[PDB]
Each structure stands twice: as C-alpha cells, then as structure tokens.
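Take a look at the structure set out below.
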Amino acid sequence: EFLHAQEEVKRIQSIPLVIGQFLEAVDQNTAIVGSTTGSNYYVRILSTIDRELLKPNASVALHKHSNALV
Amino acid sequence: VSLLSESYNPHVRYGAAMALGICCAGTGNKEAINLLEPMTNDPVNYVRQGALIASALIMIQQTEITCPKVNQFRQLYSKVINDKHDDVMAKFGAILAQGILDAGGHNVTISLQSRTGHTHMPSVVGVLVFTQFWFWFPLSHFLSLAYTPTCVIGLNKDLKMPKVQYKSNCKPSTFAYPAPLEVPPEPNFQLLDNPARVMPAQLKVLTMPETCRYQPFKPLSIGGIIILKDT
Amino acid sequence: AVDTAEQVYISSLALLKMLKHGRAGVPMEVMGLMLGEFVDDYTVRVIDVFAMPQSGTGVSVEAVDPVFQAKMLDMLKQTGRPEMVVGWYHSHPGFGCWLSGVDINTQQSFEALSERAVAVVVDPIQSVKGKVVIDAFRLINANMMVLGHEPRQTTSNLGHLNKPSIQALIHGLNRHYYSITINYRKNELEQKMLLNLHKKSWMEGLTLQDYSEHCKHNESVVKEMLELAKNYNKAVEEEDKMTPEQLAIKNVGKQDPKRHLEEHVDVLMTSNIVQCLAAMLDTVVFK
Amino acid sequence: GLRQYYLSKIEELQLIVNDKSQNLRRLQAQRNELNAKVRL
Amino acid sequence: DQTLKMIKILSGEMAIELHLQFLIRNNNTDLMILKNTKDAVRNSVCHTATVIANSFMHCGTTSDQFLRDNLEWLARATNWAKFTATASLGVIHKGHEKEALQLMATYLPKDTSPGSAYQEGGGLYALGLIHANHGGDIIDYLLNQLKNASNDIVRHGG
C-alpha cells in the first residue's frame with residue numbers, strides 16, 4: 001500500500017510548472033527558494049526528492065498557484 | 001481494535017469505532033470511552049459521526065457515577081449540533097444520539113445477553129440491521145428489537161399487583177435521574193414500587209423485603225417479573 | 001426530485017476511449033458522446049463512448065455537421081445492439097473539473113430532451129497512475145438559486161463522501177451544478193483478461209545474462225563501493241559530535257555513505273543470486 | 001501428588017508468554033512507525 | 001390454570017402490556033431537547049433526523065404530543081421523510097394491539113388517497129414494528145394486501 005501512495009503524490013508534478021532557485025533551508029523538510037518573478041518565498045517541500053541533490057545553487061520547480069517546492 | 005483506530009484509510013478507522021460500539025455497549029467501559037476520546041477529532045466526517053453513535057451506545061442509563069464522561073459528553077453533542085459551520089453528516093450523529101441516550105425515559109436499554117448465558121437473538125438481528133443506515137435511512141429503524149427494559153416487577157396472582165417496598169444498601173448516588181434544567185442527610189433507604197426501574201449493576205446493592213407482608217420465594221437475582229409469595 | 005445518491009455506473013471499457021481521445025488532442029478541449037443504457041430514477045449506466053469531428057478555438061470548441069451523428073448511430077445499432085445517448089463529455093486539459101461558462105451552455109441544450117444527460121469531465125494530465133480525476137456533474141436550476149432554496153433533498157448517507165476541490169468551488173460548484181459519486185463495473189469477463197494479458201513475458205529469465213560481462217559488472221560496482229565504504233570509514237568517525245539532528249540538515253549538499261552503502265548491497269545481491277540460480281537449473285534440465 | 005505435577009506445567013507454560021509478547025511488543029511498534037509513515 | 005398455562009407462558013402477552021404498563025407509568029423525558037434542536041430548519045437531513053430521534057426515545061409509550069405540536073414542519077420534507085414519519089408512528093406504539101389500526105385510520109391507503117403514497121405505504125411498515133415476534137391476523141392482514149397493491153412503494157412497507 002505504501003508503494004501505491006508513493007507514486008500517487010506526483011500528481012502535483014503536472015504541466016503548468018514554474019521555475020525558482022534554491023537558497024537555503026530552515027530545518028528538515030522546509031526550505032527557502034527564490035522564484036524568477038523576483039520575490040522570494042518560504043516554502044514547504046515534497047518528500048520524495050533526494051535532499052542530497054540540493055544547494056550548489058540549484059534550479060527547482062515550483063507549483064503554479066500554491067508555489068511550493070516540486 | 002485500539003491498533004486499528006489509527007489505520008490509514010478512514011473506512012477501517014470507521015468500523016473500528018462501531019466495533020467498540022457493538023461489544024461493550026452494555027457496560028460503561030472505562031477503556032472503550034478512553035479510545036473514542038480522540039476519535040471525534042478526525043478530519044473525516046463519518047468517523048466523527050460513528051464515534052458519536054459508539055459514544056451513545058456505551059453509556060445509556062448511566063448518570064455520572066459509572067463513568068464521569070457522561071455529562072462530559074452531554075455537553076459534547078450540544079457543542080456540535082449548535083454550530084453552523086459543521087457538516088450535516090457530522091452533526092447527524094449528535095441528533096441521533098439524543099434519541100439513543102435518553103431512550104424511553106431511561107427505561108429501556110440494549111441487551112445482547114441474558115443472565116442464563118444465552119443471547120437475545122432479536123437484539124442480535126436488531127443491532128446488525130442497525131448497521132446499514134448508509135444505504136437506506138429507515139433500514140436502521142429496526143432498533144426497537146434491541147430495546148429491552150431494566151425493571152424488577154412483583155406479582156402474586158395471575159393479575160394482581162402486590163404492594164412491596166424494599167430499600168438499598170450501598171452508596172445512594174448511583175440511583176440518579178437525568179434532572180432536566182427547564183430555563184424559561186442522604187438516602188440508601190430508597191423505597192420502590194412494583195414497576196421500579198433499576199440499573200443491572202444495582203441488582204446487588206438493594207435489600208430483600210424482610211419486614212413486608214410479601215416475601216419472594218425466588219432468589220432475587222434477575223429483573224423482569226417474578227412471583228412474590230404473600231406471607 | 002433526486003436523492004443525492006445517484007451512483008453512476010460506467011464501465012471498464014469506456015474510460016480508455018475517454019483518455020485516449022482526451023490525451024491525443026490534449027491541450028485543446030476535445031469532447032464526444034456517451035452512448036449508454038438507462039436504468040431507474042436513481043442510477044444510470046453508460047456503456048459506450050464515441051467522439052465526432054470538431055472545430056475549436058482557444059476558449060471555445062464546437063462541433064460540425066449533424067449527418068455524422070445519425071449515420072454513426074445507425075451503424076452501431078446494426079452491429080452489436082442498439083443503445084441511447086445518456087449524455088456527453090468533454091476534456092479540460094490540465095485544469096481540474098468544473099463547468100465553465102460555455103461548458104454549461106451546451107449542457108443546457110442537452111438536458112431538455114432527457115433531463116438526465118450526464119456531464120463528464122476527464123483530465124488526462126492530473127491523472128498520473130492512480131486517481132484519474134473524473135467527477136461527473138449535472139446542472140441545478142439557477143431559478144432555485146434565486147429562491148435561496150437548497151435542492152436535492154439528501155436521503156442517503158452516500159453523497160457527502162468525496163470532498164470537492166477549492167478550485168472547482170471557485171467555479172460554479174455549488175451554485176449551478178452538483179457532483180456525483182461514481183464507481184466502476186468490474187467483472188471476470190474483463191478484469192481477469194487485462195491482468196493476465198498485459199505484463200507477460202516468455203524467455204526473460206530462462207536465459208543467462210552476458211556471461212563474460214556479468215562477472216565484469218560484479219567489479220563495476222564493487223570498485224567504487226570500496227571508496228564509498230571509505231566514506232563509511234569516515235562519517236561514523238565524526239560522531240559523538242554536534243547533535244545528529246544537525247547531521248540531517250547539514251548533509252544535504254553531498255551524498256551520505258550510509259544510505260548509499262546499503263543501496264548497492266541489494267543490487268550486488270539480486271544480480272548474483274538470480275544469475276547463479278538460473279544457471280544451475282540448465283545443468284539439470286538440459287541433459 | 002497429582003496437583004503437585006500441575007504447578008510444574010502452569011509455570012513453564014508462562015515462559016511462552018513473556019517472550020512472544022516481547023516479540024509482539026517489538027512487532028506492534030514496527031507497524032505504528034510504518035502507519036505513521038503512510039498517513040503523513 | 002394449567003389448561004390456561006400454555007397461553008400465559010408461550011404467548012407471553014403479560015410481559016408485553018405490563019412492559020407497556022411500565023412505560024405508561026415511567027416516562028421521564030423532555031420537550032425542550034427537541035426544542036433545542038428545533039432551530040436547524042433548512043432543506044437538510046434534519047427533518048428526518050428529529051423524527052428518528054423522538055422515535056428512539058419514546059419506544060412503546062404511545063405519547064404523541066412531541067409530534068402533534070405542529071403539522072407543517074413535520075410535513076415540509078417529502079417523498080421519504082413521509083415514508084419515515086408514518087414509520088416512526090409504530091415504534092411509539094410498539095407492542096400494543098389496539099392502537100395500531102385505529103390511530104392509523106387516517107393513514108390507511110384507501111381513505112384519503114393523497115399525492116404521497118409513501119405516507120400511506122409506509123404504514124404497513126409500522127404494522128410490522130408493533131407486532132414483531134407476534135404473528136396472527138398481522139401476518140394475514142399484511143399477506144392479503146400484498147396480493148394486489150401498487151408498485152414497490154407500499155410493497156417496501158408491506
């Protein structure tokens with residue numbers, strides 16, 4: 001059952017997707033990004049991303065309306 | 001079932017709550033009320049619903065002394081029934097539980113069990129048919145087969161009522177009434193008439209009639225009707 | 001009236017025609033017909049689905065000549081058995097599911113002849129592998145919206161089970177239409193014969209695997225597994241140190257040994273235990 | 001003589017209780033961690 | 001007597017009306033509890049939810065003053081509440097032979113004949129509710145009416 005819900009979470013990874021850039025993280029599973037609309041945001045992340053592929057200065061995908069890490 | 005109250009789907013989280021509601025319903029169980037305390041807080045509406053019906057079945061004809069969580073929950077159904085922002089399914093359990101918890105003027109109760117060890121099979125049907133209210137609303141209207149009284153009744157001839165008055169022995173605050181509010185130095189010698197309601201836990205705390213004209217030939221251990229031999 | 005326990009049975013067959021036609025022309029709103037079989041005032045059954053040639057714009061999509069419609073239904077009566085149009089669908093591309101201001105208009109045309117034309121949205125983007133988000137709808141009168149009167153007279157504990165999205169709630173739900181709970185008609189007629197027909201193979205496992213290179217691949221992993229264990233001969237040594245909740249946030253730039261070091265152990269096992277066992281059966285079976 | 005034998009058998013039947021429950025104590029906590037992983 | 005013994009113990013009728021005698025003497029309820037829940041008048045489930053409340057808390061006591069306080073709020077909801085409004089009438093009269101046909105004399109299906117046949121078709125549902133485990137005419141008064149009737153709108157209650 002966990003593997004069925006494991007793949008279900010990526011429906012948020014749909015097509016109208018905007019681009020930010022990783023800046024830092026406060027703690028576990030919550031970070032700070034900067035969109036390409038100029039304004040920075042304090043966003044929640046998505047759990048399945050390997051955290052150890054982050055911060056040189058990473059390109060990240062962001063949600064369209066809610067604008068969280070994708 | 002206490003492990004199954006934390007399942008991932010709300011469906012197993014639902015039927016875990018009725019599983020406590022159909023087993024321990026005759027008793028004011030300390031442990032079953034302990035489990036249903038956070039069950040009314042879940043974001044799924046029908047598990048908030050079925051927790052209330054299970055909270056209704058656990059404490060019928062019980063006033064504050066079998067467990068203190070009776071009047072802690074009398075306020076709880078009124079807390080959710082007077083909100084506007086609550087869901088209709090969520091507050092449907094509160095309005096249903098008022099008819100459960102004050103059943104017959106606290107004169108009838110559920111009984112899946114006799115003193116003989118044999119089960120009460122119309123109540124076995126009457127609670128199982130009560131489970132299917134999702135798919136048809138008056139299908140769970142078959143609930144009167146589970147409602148059975150708790151009253152000792154005296155008798156001496158085929159028709160005649162006796163006139164006997166006995167009393168209690170243990171702590172007297174068990175015999176409380178609902179006592180409605182209507183806004184616009186102690187017993188343990190409680191006399192009782194022949195149609196006298198009594199809790200099944202209170203069957204031991206009473207006194208046999210020793211000074212009256214009447215004396216029971218039967219050892220008074222079960223309620224209902226018995227012969228009361230005129231001596 | 002209705003009881004909000006409508007329970008639309010569809011199929012196992014129609015939804016693949018829904019998504020394939022919905023996704024082959026995905027960014028345009030494609031649409032079609034729903035050709036089914038009516039049952040009582042409560043439920044409805046939609047069994048077959050076909051589309052038409054259409055002409056569209058960005059915000060609108062139309063149909064073309066009606067001679068396609070009658071000639072299509074004549075050929076489906078003579079081949080198979082006749083049916084009746086239970087409704088119609090369309091396809092929001094990557095939106096969600098709601099009735100827009102033009103989607104509501106041709107629904108209003110179809111609800112006149114039969115009053116139970118089911119309006120269906122399929123989104124072939126939001127559907128990843130599991131949820132297929134569908135959420136069939138039907139109109140409610142805006143005359144009773146003027147009355148302030150709440151319709152549909154809930155008489156079963158079946159409607160208020162699935163919660164609507166906020167984005168569909170921004171749109172006309174719930175001021176001009178409602179949602180319907182649905183499920184799928186499943187049977188051994190079909191369910192057994194898509195399971196036991198799709199993911200099947202014949203020789204992929206009675207064969208060996210590049211015999212000079214499997215043992216070579218048994219060094220292509222182990223060689224860097226030495227230095228990956230040298231990092232595991234490194235990272236434990238900096239423990240009894242700064243409060244390893246700090247050793248979660250800090251190590252997000254680079255790869256840890258510990259998780260990566262059990263990663264290859266599964267790979268270096270099943271690559272070997274399969275290839276060793278499958279070789280030792282051909283010694284018995286083949287002479 | 002007779003019942004003398006029976007208190008042998010109550011006390012070594014109880015030896016299955018203290019470790020299989022201890023196995024279940026280990027096992028039931030493992031599910032609670034995994035169900036917390038799922039719902040989250 | 002010992003000849004009369006098989007009626008006194010196997011029909012068991014003196015456990016029925018004596019239980020009715022217990023309920024007609026002992027009845028400790030409140031009207032305000034329904035009046036506290038009166039303020040949820042809308043088009044929601046609440047009309048069916050209050051009539052399923054007073055039926056459970058008045059089983060077999062024949063006390064129709066909680067229901068006869070009004071007419072229009074009871075007759076606001078339609079098409080299945082009126083199936084249940086005539087269903088809740090039998091639970092209040094549970095276990096009593098006389099006040100079954102006589103109080104439902106308005107609710108026989110061939111007397112008033114309104115546009116709602118669930119109001120009159122759900123009466124035979126309540127005739128089963130009173131005489132559960134009690135089979136006499138009540139078997140055959142419900143047997144002959146199902147020989148010729150309407151569709152499965154009275155045949156549910158039948």
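We label chains A, B, ... in the order they appear in the structure tokens, count residues from 1 in each chain, and number ligands from 1 in the order shown.
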
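Within 12 Å of chain C, chain E contributes the residues residues 41, 42, 43, 44, 45, 46, 47, 48, 49, 76, 77, 78, 79, 80, 81, 82, 83 and 84 of chain E, using only C-alpha atoms.
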
If you keep C-alpha atoms, can you produce a file of those selected residues as a PDB file, in the first residue's frame?
```
ATOM      1  CA  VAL E  41     -34.912  24.347   9.986  1.00  0.00           C
ATOM      2  CA  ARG E  42     -33.488  24.100   6.462  1.00  0.00           C
ATOM      3  CA  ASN E  43     -33.748  21.731   3.492  1.00  0.00           C
ATOM      4  CA  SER E  44     -31.227  19.302   5.021  1.00  0.00           C
ATOM      5  CA  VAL E  45     -31.442  15.871   6.680  1.00  0.00           C
ATOM      6  CA  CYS E  46     -32.684  17.483   9.969  1.00  0.00           C
ATOM      7  CA  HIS E  47     -36.383  16.789   9.327  1.00  0.00           C
ATOM      8  CA  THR E  48     -35.615  13.074   9.115  1.00  0.00           C
ATOM      9  CA  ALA E  49     -33.088  13.426  11.934  1.00  0.00           C
ATOM     10  CA  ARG E  76     -42.280  20.028   4.970  1.00  0.00           C
ATOM     11  CA  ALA E  77     -39.930  17.238   3.895  1.00  0.00           C
ATOM     12  CA  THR E  78     -41.261  14.826   1.306  1.00  0.00           C
ATOM     13  CA  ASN E  79     -41.046  11.556  -0.605  1.00  0.00           C
ATOM     14  CA  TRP E  80     -39.057   9.609   2.015  1.00  0.00           C
ATOM     15  CA  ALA E  81     -39.473  11.518   5.288  1.00  0.00           C
ATOM     16  CA  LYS E  82     -43.191  10.907   4.902  1.00  0.00           C
ATOM     17  CA  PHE E  83     -42.271   7.263   4.455  1.00  0.00           C
ATOM     18  CA  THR E  84     -40.442   7.601   7.773  1.00  0.00           C
TER      19      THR E  84
END
```

Using only C-alpha atoms, I'd like every residue of chain B that has an atom within 12 Å of chain A; please write them out as a PDB file with C-alpha atoms, in the first residue's frame.
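Once everything was written out, this is out-v3.pdb:
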```pdb
ATOM      1  CA  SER B   7      -5.379   2.904  10.235  1.00  0.00           C
ATOM      2  CA  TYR B   8      -4.548   4.789   7.058  1.00  0.00           C
ATOM      3  CA  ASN B   9      -7.974   4.657   5.486  1.00  0.00           C
TER       4      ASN B   9
END
```

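Across the structure, atom CA of residue C:35 and atom CA of residue C:83 are spaced 6.3 Å apart.
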
Could you produce a table of the residues of chain C lying within 6 Å of chain A, with the nearest pair of atoms per residue and their separation in Å rounded to one decimal, using only C-alpha atoms, ordered by chain and increasing residue number, as JSON lines?
```
{"residue": "C:126", "atom": "CA", "partner": "A:11", "partner_atom": "CA", "distance": 5.7}
{"residue": "C:128", "atom": "CA", "partner": "A:11", "partner_atom": "CA", "distance": 5.7}
{"residue": "C:249", "atom": "CA", "partner": "A:28", "partner_atom": "CA", "distance": 5.8}
{"residue": "C:252", "atom": "CA", "partner": "A:52", "partner_atom": "CA", "distance": 4.1}
{"residue": "C:253", "atom": "CA", "partner": "A:52", "partner_atom": "CA", "distance": 5.1}
{"residue": "C:254", "atom": "CA", "partner": "A:52", "partner_atom": "CA", "distance": 5.3}
{"residue": "C:255", "atom": "CA", "partner": "A:52", "partner_atom": "CA", "distance": 5.6}
```

Could you write out, as a PDB file with C-alpha atoms, in the first residue's frame, all the residues of chain E that DSSP marks as helix (DSSP H, G or I)?
```pdb
ATOM      1  CA  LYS E   5     -50.959 -22.161  31.343  1.00  0.00           C
ATOM      2  CA  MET E   6     -49.909 -22.546  27.695  1.00  0.00           C
ATOM      3  CA  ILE E   7     -51.375 -19.134  26.860  1.00  0.00           C
ATOM      4  CA  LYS E   8     -49.878 -17.432  29.920  1.00  0.00           C
ATOM      5  CA  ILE E   9     -46.320 -18.622  29.213  1.00  0.00           C
ATOM      6  CA  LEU E  10     -45.974 -19.183  25.438  1.00  0.00           C
ATOM      7  CA  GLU E  13     -48.705 -11.399  26.497  1.00  0.00           C
ATOM      8  CA  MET E  14     -48.457 -10.473  30.178  1.00  0.00           C
ATOM      9  CA  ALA E  15     -44.838  -9.482  29.556  1.00  0.00           C
ATOM     10  CA  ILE E  16     -45.955  -7.192  26.717  1.00  0.00           C
ATOM     11  CA  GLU E  17     -48.706  -4.988  28.164  1.00  0.00           C
ATOM     12  CA  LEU E  18     -47.010  -4.983  31.570  1.00  0.00           C
ATOM     13  CA  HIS E  19     -43.958  -3.542  29.848  1.00  0.00           C
ATOM     14  CA  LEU E  20     -46.467  -1.154  28.287  1.00  0.00           C
ATOM     15  CA  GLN E  21     -47.761  -0.627  31.830  1.00  0.00           C
ATOM     16  CA  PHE E  22     -44.207   0.152  32.935  1.00  0.00           C
ATOM     17  CA  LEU E  23     -43.698   2.717  30.165  1.00  0.00           C
ATOM     18  CA  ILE E  24     -47.074   4.424  30.568  1.00  0.00           C
ATOM     19  CA  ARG E  25     -46.244   4.993  34.248  1.00  0.00           C
ATOM     20  CA  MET E  32     -37.053  21.153  25.303  1.00  0.00           C
ATOM     21  CA  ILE E  33     -34.487  18.676  23.899  1.00  0.00           C
ATOM     22  CA  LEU E  34     -36.458  18.606  20.656  1.00  0.00           C
ATOM     23  CA  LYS E  35     -36.972  22.365  21.038  1.00  0.00           C
ATOM     24  CA  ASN E  36     -33.226  22.905  21.420  1.00  0.00           C
ATOM     25  CA  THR E  37     -32.802  21.103  18.086  1.00  0.00           C
ATOM     26  CA  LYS E  38     -35.761  22.955  16.545  1.00  0.00           C
ATOM     27  CA  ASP E  39     -33.576  25.837  15.282  1.00  0.00           C
ATOM     28  CA  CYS E  46     -32.684  17.483   9.969  1.00  0.00           C
ATOM     29  CA  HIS E  47     -36.383  16.789   9.327  1.00  0.00           C
ATOM     30  CA  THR E  48     -35.615  13.074   9.115  1.00  0.00           C
ATOM     31  CA  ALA E  49     -33.088  13.426  11.934  1.00  0.00           C
ATOM     32  CA  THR E  50     -35.548  14.743  14.521  1.00  0.00           C
ATOM     33  CA  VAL E  51     -38.252  12.192  13.719  1.00  0.00           C
ATOM     34  CA  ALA E  53     -34.748  10.954  17.448  1.00  0.00           C
ATOM     35  CA  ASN E  54     -38.154  11.041  19.157  1.00  0.00           C
ATOM     36  CA  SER E  55     -38.998   7.533  17.917  1.00  0.00           C
ATOM     37  CA  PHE E  56     -35.989   6.017  19.699  1.00  0.00           C
ATOM     38  CA  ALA E  81     -39.473  11.518   5.288  1.00  0.00           C
ATOM     39  CA  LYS E  82     -43.191  10.907   4.902  1.00  0.00           C
ATOM     40  CA  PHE E  83     -42.271   7.263   4.455  1.00  0.00           C
ATOM     41  CA  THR E  84     -40.442   7.601   7.773  1.00  0.00           C
ATOM     42  CA  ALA E  85     -42.988   9.864   9.501  1.00  0.00           C
ATOM     43  CA  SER E  88     -41.960   6.372  13.378  1.00  0.00           C
ATOM     44  CA  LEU E  89     -45.639   6.162  14.370  1.00  0.00           C
ATOM     45  CA  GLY E  90     -45.421   2.418  15.032  1.00  0.00           C
ATOM     46  CA  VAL E  91     -42.301   2.475  17.218  1.00  0.00           C
ATOM     47  CA  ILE E  92     -44.026   4.891  19.618  1.00  0.00           C
ATOM     48  CA  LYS E  98     -55.437  -1.846  19.836  1.00  0.00           C
ATOM     49  CA  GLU E  99     -53.805   1.486  18.913  1.00  0.00           C
ATOM     50  CA  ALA E 100     -52.422   0.265  15.582  1.00  0.00           C
ATOM     51  CA  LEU E 103     -54.765   5.752  15.082  1.00  0.00           C
ATOM     52  CA  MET E 104     -53.647   4.976  11.527  1.00  0.00           C
ATOM     53  CA  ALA E 105     -57.262   5.207  10.308  1.00  0.00           C
ATOM     54  CA  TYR E 118     -45.232   6.855   0.858  1.00  0.00           C
ATOM     55  CA  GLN E 119     -47.289   8.459   3.624  1.00  0.00           C
ATOM     56  CA  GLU E 120     -49.791   5.606   3.281  1.00  0.00           C
ATOM     57  CA  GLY E 121     -47.478   2.859   2.012  1.00  0.00           C
ATOM     58  CA  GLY E 123     -47.996   2.364   7.332  1.00  0.00           C
ATOM     59  CA  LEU E 124     -47.695  -1.410   6.889  1.00  0.00           C
ATOM     60  CA  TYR E 125     -44.020  -0.973   7.763  1.00  0.00           C
ATOM     61  CA  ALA E 126     -45.160   0.324  11.144  1.00  0.00           C
ATOM     62  CA  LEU E 127     -47.678  -2.532  11.481  1.00  0.00           C
ATOM     63  CA  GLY E 128     -44.715  -4.901  11.459  1.00  0.00           C
ATOM     64  CA  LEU E 129     -42.932  -2.740  14.035  1.00  0.00           C
ATOM     65  CA  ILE E 130     -45.647  -3.118  16.671  1.00  0.00           C
ATOM     66  CA  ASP E 137     -54.032 -11.536  11.734  1.00  0.00           C
ATOM     67  CA  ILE E 138     -50.970  -9.233  11.459  1.00  0.00           C
ATOM     68  CA  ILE E 139     -49.401 -11.877   9.210  1.00  0.00           C
ATOM     69  CA  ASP E 140     -52.560 -12.254   7.120  1.00  0.00           C
ATOM     70  CA  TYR E 141     -53.726  -8.613   7.181  1.00  0.00           C
ATOM     71  CA  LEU E 142     -50.363  -7.870   5.555  1.00  0.00           C
ATOM     72  CA  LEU E 143     -50.447 -11.024   3.408  1.00  0.00           C
TER      73      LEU E 143
END
```

Item to check | Contacts of stretch 53-68 of chain C within 10 Å, only C-alpha atoms, excl. fewer than 6 positions in-chain, as JSON, numbers by chain | outcome: {"C": [27, 28, 29, 30, 31, 32, 90, 100, 101, 102, 103, 106]}

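Residue neighbourhood of residue B:154, excluding near-sequence residues (fewer than 5 positions): residues 161, 162, 164, 194, 195, 225, 226, 227 and 228 of chain B, at 8 Å, using only C-alpha atoms.
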
Write out as a tab-separated table the residues of chain D that have any atom within 10 Å of an atom of chain A, one row each with the nearest atom pair and its distance in Å to one decimal, counting only C-alpha atoms, sorted by chain and then rising number.
```
residue	atom	partner	partner_atom	distance
D:34	CA	A:2	CA	8.9
D:35	CA	A:2	CA	9.0
D:37	CA	A:2	CA	8.4
D:38	CA	A:2	CA	6.1
D:39	CA	A:2	CA	9.3
D:40	CA	A:47	CA	9.9
```

Give me the chain B side of the contact with chain C, cut-off 8 Å, one line per residue showing its nearest atom pair and distance in Å at one decimal, counting only C-alpha atoms, sorted by chain and residue number, as a Markdown table.
```
| residue | atom | partner | partner_atom | distance |
| --- | --- | --- | --- | --- |
| B:89 | CA | C:160 | CA | 7.4 |
| B:133 | CA | C:157 | CA | 7.2 |
| B:134 | CA | C:157 | CA | 4.4 |
| B:135 | CA | C:156 | CA | 6.2 |
| B:136 | CA | C:156 | CA | 6.0 |
| B:137 | CA | C:156 | CA | 6.2 |
```

Residues from the last selection, N, CA and C atoms, saved as a compact mmCIF listing (two decimals), in the first residue's frame:
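And here's selection.txt as it stands now:
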```txt
# COMPACT_ATOMS: atom_id res chain seq x y z
N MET B 89 -23.55 15.64 7.80
CA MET B 89 -23.23 14.29 8.24
C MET B 89 -22.58 14.28 9.62
N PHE B 133 -27.34 1.94 7.85
CA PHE B 133 -28.05 3.19 7.64
C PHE B 133 -27.48 4.02 6.51
N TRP B 134 -26.27 3.70 6.03
CA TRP B 134 -25.71 4.35 4.86
C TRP B 134 -26.59 4.20 3.64
N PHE B 135 -26.95 2.97 3.34
CA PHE B 135 -27.51 2.59 2.07
C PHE B 135 -29.02 2.72 2.05
N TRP B 136 -29.63 2.97 3.21
CA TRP B 136 -31.06 3.17 3.38
C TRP B 136 -31.28 3.77 4.77
N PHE B 137 -31.95 4.92 4.88
CA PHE B 137 -32.08 5.53 6.20
C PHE B 137 -33.03 4.78 7.13
```
